Amino acid sequence: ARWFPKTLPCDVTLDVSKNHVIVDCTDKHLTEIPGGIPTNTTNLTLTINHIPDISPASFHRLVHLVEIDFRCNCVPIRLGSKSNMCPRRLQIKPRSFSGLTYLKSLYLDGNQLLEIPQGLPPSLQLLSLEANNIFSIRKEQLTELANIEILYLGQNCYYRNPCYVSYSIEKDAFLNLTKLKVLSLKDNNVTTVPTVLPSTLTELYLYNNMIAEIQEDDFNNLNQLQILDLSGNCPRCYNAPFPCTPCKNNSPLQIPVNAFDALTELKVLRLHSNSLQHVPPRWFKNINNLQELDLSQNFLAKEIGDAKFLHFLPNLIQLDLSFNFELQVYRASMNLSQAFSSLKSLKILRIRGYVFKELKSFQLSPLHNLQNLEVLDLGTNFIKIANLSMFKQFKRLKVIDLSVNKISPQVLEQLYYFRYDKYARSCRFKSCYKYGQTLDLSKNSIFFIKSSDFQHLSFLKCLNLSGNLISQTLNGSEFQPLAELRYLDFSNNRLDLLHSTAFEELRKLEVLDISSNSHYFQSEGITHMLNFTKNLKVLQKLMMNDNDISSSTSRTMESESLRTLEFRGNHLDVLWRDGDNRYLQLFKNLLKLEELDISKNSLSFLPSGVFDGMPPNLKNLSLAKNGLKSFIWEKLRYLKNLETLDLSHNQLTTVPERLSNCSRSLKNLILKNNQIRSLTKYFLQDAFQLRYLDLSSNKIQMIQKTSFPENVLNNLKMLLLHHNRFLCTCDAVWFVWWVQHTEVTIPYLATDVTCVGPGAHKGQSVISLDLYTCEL
Amino acid sequence: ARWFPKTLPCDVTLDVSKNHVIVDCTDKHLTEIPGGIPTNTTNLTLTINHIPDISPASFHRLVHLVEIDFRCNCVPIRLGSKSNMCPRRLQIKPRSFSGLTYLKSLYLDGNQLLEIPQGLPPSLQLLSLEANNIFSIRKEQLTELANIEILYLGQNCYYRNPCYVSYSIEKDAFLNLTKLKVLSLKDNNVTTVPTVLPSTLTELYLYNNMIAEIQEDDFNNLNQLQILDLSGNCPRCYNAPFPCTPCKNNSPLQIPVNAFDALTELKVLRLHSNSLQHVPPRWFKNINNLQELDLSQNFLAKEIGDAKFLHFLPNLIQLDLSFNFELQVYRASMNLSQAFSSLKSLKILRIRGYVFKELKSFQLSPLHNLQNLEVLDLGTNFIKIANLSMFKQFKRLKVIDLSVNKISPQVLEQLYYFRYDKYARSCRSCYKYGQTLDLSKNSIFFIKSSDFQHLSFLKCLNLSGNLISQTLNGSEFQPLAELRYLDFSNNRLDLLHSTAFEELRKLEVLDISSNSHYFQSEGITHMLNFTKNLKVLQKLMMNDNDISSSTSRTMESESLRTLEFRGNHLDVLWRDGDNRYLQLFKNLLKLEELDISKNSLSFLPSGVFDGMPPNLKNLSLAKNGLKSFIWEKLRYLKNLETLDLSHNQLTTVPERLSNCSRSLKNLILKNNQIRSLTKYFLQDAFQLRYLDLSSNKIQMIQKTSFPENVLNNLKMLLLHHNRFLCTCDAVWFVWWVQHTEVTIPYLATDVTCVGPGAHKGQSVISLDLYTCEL
RNA sequence: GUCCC
RNA sequence: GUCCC
Ligand SMILES: *[C@@H]1O[C@H](CO)[C@@H](O[C@@H]2O[C@H](CO)[C@@H](O)[C@H](O)[C@H]2NC(C)=O)[C@H](O)[C@H]1NC(C)=O
Ligand SMILES: *[C@@H]1O[C@H](CO)[C@@H](O[C@@H]2O[C@H](CO)[C@@H](O)[C@H](O)[C@H]2NC(C)=O)[C@H](O)[C@H]1NC(C)=O
Ligand SMILES: Nc1nc(=O)c2ncn([C@@H]3O[C@H](CO)[C@H]4OP(=O)(O)O[C@H]43)c2[nH]1
Ligand SMILES: Nc1nc(=O)c2ncn([C@@H]3O[C@H](CO)[C@H]4OP(=O)(O)O[C@H]43)c2[nH]1
Ligand SMILES: *[C@@H]1O[C@H](CO)[C@@H](O)[C@H](O)[C@H]1NC(C)=O
Ligand SMILES: *[C@@H]1O[C@H](CO)[C@@H](O)[C@H](O)[C@H]1NC(C)=O
Ligand SMILES: *[C@@H]1O[C@H](CO)[C@@H](O)[C@H](O)[C@H]1NC(C)=O
Ligand SMILES: *[C@@H]1O[C@H](CO)[C@@H](O)[C@H](O)[C@H]1NC(C)=O
Ligand SMILES: *[C@@H]1O[C@H](CO)[C@@H](O)[C@H](O)[C@H]1NC(C)=O
Ligand SMILES: *[C@@H]1O[C@H](CO)[C@@H](O)[C@H](O)[C@H]1NC(C)=O
Ligand SMILES: *[C@@H]1O[C@H](CO)[C@@H](O)[C@H](O)[C@H]1NC(C)=O
Ligand SMILES: *[C@@H]1O[C@H](CO)[C@@H](O)[C@H](O)[C@H]1NC(C)=O
Ligand SMILES: *[C@@H]1O[C@H](CO)[C@@H](O)[C@H](O)[C@H]1NC(C)=O
Ligand SMILES: *[C@@H]1O[C@H](CO)[C@@H](O)[C@H](O)[C@H]1NC(C)=O
Ligand SMILES: *[C@@H]1O[C@H](CO)[C@@H](O)[C@H](O)[C@H]1NC(C)=O
Ligand SMILES: *[C@@H]1O[C@H](CO)[C@@H](O)[C@H](O)[C@H]1NC(C)=O
Ligand SMILES: *[C@@H]1O[C@H](CO)[C@@H](O)[C@H](O)[C@H]1NC(C)=O
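Chains B and A, in that order, give the protein sequences. In case it helps, the deposited numbering puts the first sequence at residues 27 to 435, 458 to 478, 490 to 835. In case it helps, the deposited numbering puts the second sequence at residues 27 to 435, 458 to 476, 490 to 835.
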């Protein structure tokens, strides 16, 4: 098809509408800028490479560039690879950028630069120098940036990238940048708010610094500011997972009552880890529009019970008072001030880490009349006692989150309140809530449940009981009131499936997760009824992964409704022991089942009967990670609606003589990570239904035309070949040609479609291989 | 050293004292008997190979053979590999064995044989034909076995190896085998006890068959029999994990009351899975010496509460009544008959699977006066309630086993009572600390001191696999003043308090592995410094705890010798830039063994080694995805003897190992990405004794890297599964490997050339390189 | 590759 | 390969 092979080791995309030519060279182990980058190129990314220098030749031809992303070509020693340390900082020669008349955005983060690069064109709206070694800002070095709007200078002096001094900012350094909207000086060892900043600021990031005091006029002129983050100045250091130095005498960040008076526009204020003991209402006298307030990781436990400042926050959407507990105090209860009632607009309230023994209904009354409240997060509070029925007054809420507590009778990262910098950029780039009302009781100490535990909660759509201690012979009496429940996450418990009536009271249940309930499945002689499915009339999806199931009293699972079954990490090798026919029809009576996952079941072979016993509408089958050493391909004939076969991470050595003759229906075939050395002569002949084919990470040496007829290849959405053992002799002439000239999408042509030999061409990409010597 | 390279792909061992020459060819992907087997060869093993035939040429020279082990060269379809199925049964030509005048033992199990091989010498004392296809025994075929003593015929007709008919045994087939001691007809589809058997039998195995009835005189003459197993004839099939066909009418195996009268010598009687409802005392009227009785997997729940037969068993060492519960009955308590008191000799009692709600002290009184009782096993009973204090009356017992129950306020295989055949042949723990109370796999959520009142004598407590979610503060085990071993694994330790466990003042070993729960949620306080309070602790296991944070910065002990810290997140604690935890193990002054494998340590920040306590001998950094390693830093570890760096991504070795560590004896670098050795790698590294470089990508090895004055001290040197290039540059290496004394495993199997083309796939032991010397 | 798996 | 890990 193609007349001129694409040899450039970068992805190239046309966005014809927005007039853009996008060249992505992210992570291509480059040591030079590749030649032949299109002249029409507008967005060029060279992130994560080892190009040691930039020069006028770097971009000479590329006069249409609006964005260069040149991050992490020399990342500071402690942030970067220890196996591929950068030897010497990126060198930028003069005039490298002054040519680029249309350049709007320049990223040079993570290059060990000592100074703000000079000679930048006046077109530049965005400059980014995170994780460099620039810790002294001077007015003179900034004059070139007159039209700059966004400026990132953070992560240039902190514990992962130390500069061993205080950050220096000359007086009025930023004042003449009259268009500057966004200024980020986070994670920098700054000692004072730099002044005077231009009144044109919308966003100021000053977090994770050594600022002890805000002067009353530090933000005098900033009438346009929308976001201010002063977090992690005088930090709360208890249980900090980074080196943390508090302000002396447990001082807080000192903020004058009138510091915020100019900030009429402020929408987000962030005062996380500022060791605050008081929130003066006077702060918010002229901020009527504040929406998001973060007061997590302070010492505001007392204040939570007073909190006059809330009376001045009627438009607040989001409030975070997480982790304000006094060290070595375990409060009997939660004292929320009446003031919380004045938060007419509040959608999201979070108070993790108040740390209290017992939660009672009336303690939450300050919230009864917040009409817009969607999320209430009382996680990580070590609550021992809580009558769940209290939440009957909270039908309107989308999520009630009591995760990580000690109870017995819109998602946040695993590390969140204790990350150093949760917004920090990586070198790459730049859940049942949807079912309805969700009660998250995950990670508590619930050993035993009964119906009255759930009295008055019939409105729930999702209950999360993951990671409790539930060890009970559920018999269908325990969840009686949960008439609306669509989703139950019962993972990481100790289900005892003695009774086939387990869960049958949850009459509207669409999804059940009983994964990682392996305990009782590990002791011989225990009765388990896997036939419990029959009683669940609307169940769509069952997850029973990592249950180590090696026995069952019942011989068949039954459902008229079940569409998907995850059965990963069990012992079907033991149930289907060769010679024992009793369980070969375990899934057969799941008549509507379309998706089945029996990966990680130690199936080194499949006894005959397995495929005949599969239910008739099976579409999507995974046998991945089974250590399969053999596979009778013909047996795929029984699976008449099979569309996806995942056989990844096994030990298969062969493909079928003709895939067409094994399955007419099969569209996606995944054989990545096997031991295939060669393909059958007529492998894909007449396999007209085939659309996707992964042969990556095998040991294939040759591919001949017969195996891969073009009337199949040209239907394929994707064909993966990378990481094989290709031999680039004159016998590979067809394959090499076809790869060079095909339209078919083949990932990693630049990176890992490589010759292993013969010696001469070893390690050389096949896309670049010249084989003319074979045609004399 | 060696003048004639060993080219035979079999291990060869001299036992000079017993006059034996042992050749082991087990599992060497052979398709022929190798030539050059020594003539003096006495024991020859060819197990697990693909040799398709035996012939007079097979052993022609080997006239001094006493044992041929030729198992599993053609295993039946369903027992064998499905990826390397055997195409056609083993063919044994006539005269193959008649040469072998001294042959005592012959194993031909697992070869798909259709008939008992003929032509066997009269010297033969043991013949073994398990897992063949021989399901009709004829007197005529056995005449050749006149001097036979041990004869295995089992596993020739059962569900893994079906023959599709009943087993046939001609009348008196075994009678004229006048020396036969041991006969095994297990797992065979036998319908009746074959008669008449020779009176010379000591052991008869008839289990897992289709025997419905014992005739009163089936065992008439067997006055010498010691072991009888009739198990799995009319099996109890509830929750059986194999195809199980009960006798119709829920009938038991029918045993007439006088069936055993001749068996004065019987020591072991095994009646497991015989669907027995009664044990008539009359059975044991003439057996006073019975020692071991298995009555597991019957329906003897009622009988347990009567059990007059025990009055006739004063010499019984071992009794098993496990799994006798009536289906869908959950008894309130255990009714043991008074009769149990008469078992003066009983060392071991097992009653799993009685299935009852509550155990009370007095229910065990029938046992109070059994002086010799060592083991009491009440596992898998779904016991809801048990006052542990009752065991105060049982100080004398070595093990009290309450494992797999439902309690809250030798070792047996994982599958045991429900295996088909627990004795079946393959083709190839805190008990020792003293009194042990095994409470593993219960539902204990909360513990307090009174739970252990009166149990001060305990040496081992196993709480593994409970629900313990408690901020242990050192008050909970107060009474356990003697406890040497605590297994607290698979719980949910909340290490808030650094006084946890401190009351266990005699504790030598603590396992708190797989207590990861509270370690997975940010902002929770954990005191890893709890070790300080544990004055005699030798060994601490805290594996698979996913530990990524700690309030305290150092662990302290004067006593601790071994710390297992596998499966945690030291990569997070030691984040580059954060110096605070680099001395976590430094103050464990007597620590000799440390395991920090599986901690995702892709690199070691500088200071890790300086922070290691001074007497560290044995260090594992396996399975960390290490891509780089500053070998010089090994200088800090002055008493280092073992470094395990297996399963990582290392690409190089140090320029001189001698200049990194003088002390290092064992260096394990298996499963890395090493492509070459440094020029003078091992020069002067005289202390080195073990070196694993297996599963790397090494191409060449030169004499400079591997000087002979080091190599020849090595106990073991592993090289297998590398990328060796067998050009004329490899002349030295190839020569040295061929001629060295040094032990190198897998020379026959996986020390292979990958090239050049010509020599590809060829073993280096067999490589001829004369073309290099013209 | 006789039991485990 | 800046937050993670
Ligand atoms: C942040 O700046 C402080 C001081 O402003 C730096 O600390 C000084 O650094 C040197 C080397 O550690 C010491 O000898 C001085 O004693 C320090 N002075 C003070 C007052 O602490 C600190 O290193 C900087 N932090 C980072 C991570 O670069
Ligand atoms: C044990 O022997 C029985 C006969 O007692 C075998 O069962 C016969 O085999 C075929 C095929 O299964 C049936 O059509 C016959 O009717 C069976 N006969 C009877 C009397 O049932 C059985 O297959 C043998 N067992 C094994 C494991 O090989
Ligand atoms: N799984 C299970 N959990 C229990 O808590 C229980 N109590 C009695 N039983 C009985 O134990 C036998 C083996 O588990 C089961 O068979 P059953 O007699 O129907 O009744 C069962 C229990 N089984
Ligand atoms: N680990 C833990 N388990 C608890 O049960 C508990 N109750 C209160 N707390 C307090 O929560 C804080 C963070 O875990 C701990 O710090 P503390 O204030 O010393 O007291 C602790 C508990 N901590
Ligand atoms: C291309 O660059 C412009 C300006 O830097 C930017 O707004 C646009 O999103 C970029 N797109 C891509 C895909 O790089
Ligand atoms: C709650 O806290 C406030 C402010 O600290 C305190 O004054 C008040 O007495 C407390 N009220 C209750 C109900 O505990
Ligand atoms: C929980 O509170 C409800 C009121 O919603 C009440 O009916 C129920 O009895 C309470 N349960 C307990 C143990 O207090
Ligand atoms: C339940 O909570 C657990 C642990 O907090 C989390 O992994 C899981 O995603 C939650 N389940 C659902 C369905 O959202
Ligand atoms: C379940 O247990 C309840 C009470 O806990 C008992 O009353 C009943 O037998 C069981 N119900 C069903 C539907 O099996
Ligand atoms: C499940 O199987 C058992 C037999 O093992 C049967 O008694 C029970 O009622 C079955 N349950 C259903 C829902 O079919
Ligand atoms: C098939 O199922 C897997 C999970 O088992 C899923 O990730 C994949 O997207 C599915 N594909 C199709 C085409 O149904
Ligand atoms: C496979 O191929 C043969 C010959 O073309 C044909 O007879 C047979 O029906 C085919 N089976 C399928 C399922 O295509
Ligand atoms: C060698 O064969 C004899 C006879 O079968 C036996 O007693 C001895 O234990 C065997 N030794 C080995 C090492 O096979
Ligand atoms: C357990 O038994 C002991 C005596 O062995 C008694 O002192 C204690 O009170 C008992 N505990 C209970 C709850 O019965
Ligand atoms: C404790 O019991 C567990 C769980 O059954 C068992 O695996 C372990 O070996 C026992 N502990 C010790 C130290 O013997
Ligand atoms: C531990 O807690 C118990 C109560 O459960 C308390 O009585 C005891 O004094 C505490 N011990 C220590 C060492 O703090
Ligand atoms: C452990 O360290 C903590 C402070 O981090 C301290 O409270 C406690 O005294 C220490 N405990 C021991 C036993 O050293």
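Idealized CB from N, CA, C, for every residue including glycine.
Residue range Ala327 to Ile330 is occupied by the alpha helix (DSSP H) that includes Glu329 (chain B).
When Cβ-Cβ separations below 8 Å define contact, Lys502 (chain A) makes contact with chain B. Taking C-beta separations shorter than 8 Å and ignoring five residues to either side along the sequence, the partners of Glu564 (chain A) in its chain run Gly535, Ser536, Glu537, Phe538, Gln539 and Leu541, following chain order. Taking a cut-off of 8 Å for Cβ pairs, the region 779 to 797 of chain B and the region 816 to 835 of chain B touch, as three or more such pairs fall below it. Nearest in C-alpha terms to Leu698 (chain A), of all of A:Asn676, A:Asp705 and A:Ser707, is A:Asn676.
Three or more Cβ pairs closer than 8 Å define a contact, and the region 660 to 668 of chain B meets that threshold against the region 685 to 692 of chain B. In terms of Cβ geometry, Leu139 (chain B) and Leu171 (chain B) do not form a close pair [threshold 8 Å]. An exposed status is given to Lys386 (chain B), since fewer than 16 other beta-carbon atoms sit within 10 Å of its beta-carbon. The beta carbons of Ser299 (chain A) and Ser363 (chain A) sit no closer together than 8 Å. Residue range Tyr751 to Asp753 is occupied by the beta strand (DSSP E) that includes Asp753 (chain B). Around the Cβ of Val216 (chain B), a 10 Å sphere holds 16 or more other Cβ atoms; the residue is buried. Chain B has no Cβ within less than 8 Å of the Cβ of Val101 (chain A). Out of A:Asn66, A:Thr65 and A:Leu72, the CA that lies nearest to the CA of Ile59 (chain A) is found in A:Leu72.
In the displayed model, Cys789 (chain B) falls within a helix according to three-state DSSP. The C-alpha of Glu702 (chain A) lies about 32 Å from the C-alpha of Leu544 (chain A). Pairing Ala285 (chain B) with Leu680 (chain A), the inter-Cα distance amounts to about 57 Å.
DSSP, reduced to helix, strand and coil, places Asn640 (chain B) outside both helices and strands of the structure shown, so it counts as coil.
Below the 7 Å Cβ cutoff, chain A contributes no neighbours of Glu352 (chain B), its closest Cβ being approximately 13 Å away. Annotation for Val208 (chain B): the continuous beta strand (DSSP E) segment containing it runs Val208 to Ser210. Counting along the chain, the unbroken beta strand (DSSP E) around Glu93 (chain B) starts and ends at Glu93 to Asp95.
With 16 or more other CB atoms across the displayed protein chains lying within 10 angstroms of its CB, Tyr185 (chain B) is buried. Contact between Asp555 (chain A) and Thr532 (chain A) holds: their C-beta atoms lie close to 5 Å from each other, under 8 Å. As DSSP reads the structure, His46 (chain A) sits in a beta bridge with A:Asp41. Per DSSP, the unbroken alpha helix (DSSP H) holding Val771 (chain B) starts and ends at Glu769 to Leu772. Within the region 656 to 689 of chain A, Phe664, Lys688 and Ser689 place their CB atoms closer than 7 Å to a CB of chain B, listed in sequence order.
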